[PDB]
Amino acid sequence: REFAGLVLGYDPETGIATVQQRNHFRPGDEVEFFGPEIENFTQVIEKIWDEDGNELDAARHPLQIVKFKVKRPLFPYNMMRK
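So for the sequence shown, the deposited numbering puts the first residue at 339; every next one is plus one.
Structure follows, in structure tokens:
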């Protein structure tokens, strides 16, 4: 179903994806990542942080930059569906 975020980047040192919100999502939500560079995989969202590295309870603000751990590398403009 819906487009929940656009991946902007991935930090291989920490395994943190930087995503820009497209629709509401929250910790515990199950998502799927896909894009030309990757094998798609499913992810449950754990802790989420804002652009300053402080925790967020939900990604409820359109176009907010949010950060969270992912189980595999991601590439710019990979998509996240909920």
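Just so it is clear, CB atoms sit at the ideal spot from N, CA and C, and this is done for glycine as well.
Going by DSSP, name the residue or residues bridged to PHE413. DSSP lists no partner for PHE413.
Taking C-beta to C-beta, are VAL369 and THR356 nearer than 9 Å? no
My understanding is that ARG364 touches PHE341, with C-beta atoms under 8 Å, so please give their C-beta distance in whole angstroms. Contact doesn't hold; Cβ gap of about 16 Å is too wide.
Ignoring anything shorter than 3 residues or poking outside the segment 351-378, list the beta strand (DSSP E) runs there in chain order. 354-359 and 368-372
Using the Cα positions of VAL345 and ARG410, report the straight-line distance between them to the nearest angstrom. 13 Å
Sort out for me which residues DSSP pairs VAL382 with in a bridge. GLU368
State buried or exposed for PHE371, treating a residue as buried only when at least 16 other CB atoms are found within 10 Å of its CB. buried
Does the distance between the C-beta of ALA397 and the nearest non-hydrogen atom of the ligand ADP fall short of 8 Å? Summarising the ligand content, the structure contains no ligands, and the ligand ADP is consequently not present.
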